[PDB]
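So the structure is just underneath, and the comments pick up after that.
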Amino acid sequence: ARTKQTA
Amino acid sequence: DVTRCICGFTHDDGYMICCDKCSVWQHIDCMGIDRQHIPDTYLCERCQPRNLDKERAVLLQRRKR
Ligand SMILES: [Zn+2]
Ligand SMILES: [Zn+2]
């Protein structure tokens, strides 16, 4: 899937 | 660039997933998606209707603000 892990 | 999660919160909590049909972003914790088991294809709860615990999602996200 498309995810995002913003840091 | 649209966030629509079952918790109703619009912030980014550090781990989100995008609906392959409608492109809204949701928090994986809210949607009960395990970070170790991300599916190849993902649909939100409107594009693939299913029941989820909305109150759990809300209480988890409150402490992430
Ligand atoms: Zn959420
Ligand atoms: Zn959708």
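Labels for the structure tokens follow display order: chains A, B, ..., residues from 1 in each chain, ligands from 1.
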Find the residues of chain B that sit at most 10 Å from ligand 2; for each, write down the nearest two atoms and how far apart they are in Å, to one decimal. Count only C-alpha atoms and all ligand atoms. Sort by chain, then by number going up, and give it as JSON lines.
{"residue": "B:4", "atom": "CA", "partner": "ligand 2", "partner_atom_place_in_ligand_line": "1 (Zn)", "distance": 9.0}
{"residue": "B:18", "atom": "CA", "partner": "ligand 2", "partner_atom_place_in_ligand_line": "1 (Zn)", "distance": 8.0}
{"residue": "B:19", "atom": "CA", "partner": "ligand 2", "partner_atom_place_in_ligand_line": "1 (Zn)", "distance": 4.7}
{"residue": "B:20", "atom": "CA", "partner": "ligand 2", "partner_atom_place_in_ligand_line": "1 (Zn)", "distance": 6.7}
{"residue": "B:21", "atom": "CA", "partner": "ligand 2", "partner_atom_place_in_ligand_line": "1 (Zn)", "distance": 5.1}
{"residue": "B:22", "atom": "CA", "partner": "ligand 2", "partner_atom_place_in_ligand_line": "1 (Zn)", "distance": 4.1}
{"residue": "B:23", "atom": "CA", "partner": "ligand 2", "partner_atom_place_in_ligand_line": "1 (Zn)", "distance": 6.1}
{"residue": "B:24", "atom": "CA", "partner": "ligand 2", "partner_atom_place_in_ligand_line": "1 (Zn)", "distance": 6.1}
{"residue": "B:25", "atom": "CA", "partner": "ligand 2", "partner_atom_place_in_ligand_line": "1 (Zn)", "distance": 8.6}
{"residue": "B:26", "atom": "CA", "partner": "ligand 2", "partner_atom_place_in_ligand_line": "1 (Zn)", "distance": 9.6}
{"residue": "B:42", "atom": "CA", "partner": "ligand 2", "partner_atom_place_in_ligand_line": "1 (Zn)", "distance": 8.5}
{"residue": "B:43", "atom": "CA", "partner": "ligand 2", "partner_atom_place_in_ligand_line": "1 (Zn)", "distance": 5.3}
{"residue": "B:44", "atom": "CA", "partner": "ligand 2", "partner_atom_place_in_ligand_line": "1 (Zn)", "distance": 4.2}
{"residue": "B:45", "atom": "CA", "partner": "ligand 2", "partner_atom_place_in_ligand_line": "1 (Zn)", "distance": 6.7}
{"residue": "B:46", "atom": "CA", "partner": "ligand 2", "partner_atom_place_in_ligand_line": "1 (Zn)", "distance": 5.6}
{"residue": "B:47", "atom": "CA", "partner": "ligand 2", "partner_atom_place_in_ligand_line": "1 (Zn)", "distance": 4.3}
{"residue": "B:48", "atom": "CA", "partner": "ligand 2", "partner_atom_place_in_ligand_line": "1 (Zn)", "distance": 7.2}
{"residue": "B:49", "atom": "CA", "partner": "ligand 2", "partner_atom_place_in_ligand_line": "1 (Zn)", "distance": 9.4}
**Report entry** Distance filter 7 Å around ligand 1, atoms: only C-alpha atoms and all ligand atoms, out as a ChimeraX atom specification
**Finding:** /B:5-9,26-27,29-30,57-58,61
Report task. Find the residues in chain B near chain A: any atom within 6 Å counts, using only C-alpha atoms. Write them as a list in words. Result ->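 Close enough to count are residues 14, 15, 16, 17, 18, 39, 40, 41 and 42 of chain B.
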Query raised in the report: Which residue out of B:12, B:52, B:63, B:3 has the minimum interatomic distance to residue 33 (chain B) when only C-alpha atoms are used?
Result: B:52
Report task. Looking only at alpha helix (DSSP H) from DSSP on the backbone, list the matching residues of chain B as an MDAnalysis selection string. Result -> chainID B and resid 28:31 54:62
Kindly save the residues from that selection, with C-alpha atoms included, as an mmCIF file, in the first residue's frame.
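See selection_39.cif below for the written result:
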data_model
loop_
_atom_site.group_PDB
_atom_site.id
_atom_site.type_symbol
_atom_site.label_atom_id
_atom_site.label_comp_id
_atom_site.auth_asym_id
_atom_site.auth_seq_id
_atom_site.Cartn_x
_atom_site.Cartn_y
_atom_site.Cartn_z
ATOM 1 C CA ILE B 28 -2.965 2.943 10.532
ATOM 2 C CA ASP B 29 -3.585 2.637 14.285
ATOM 3 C CA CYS B 30 -7.158 3.870 13.898
ATOM 4 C CA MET B 31 -7.852 1.502 11.020
ATOM 5 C CA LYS B 54 -14.400 4.677 16.137
ATOM 6 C CA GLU B 55 -14.165 5.477 19.844
ATOM 7 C CA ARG B 56 -10.905 3.511 20.131
ATOM 8 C CA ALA B 57 -9.505 5.495 17.230
ATOM 9 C CA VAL B 58 -10.457 8.786 18.864
ATOM 10 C CA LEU B 59 -8.946 7.925 22.249
ATOM 11 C CA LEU B 60 -5.698 6.739 20.635
ATOM 12 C CA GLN B 61 -5.346 9.928 18.603
ATOM 13 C CA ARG B 62 -6.110 12.335 21.438
#
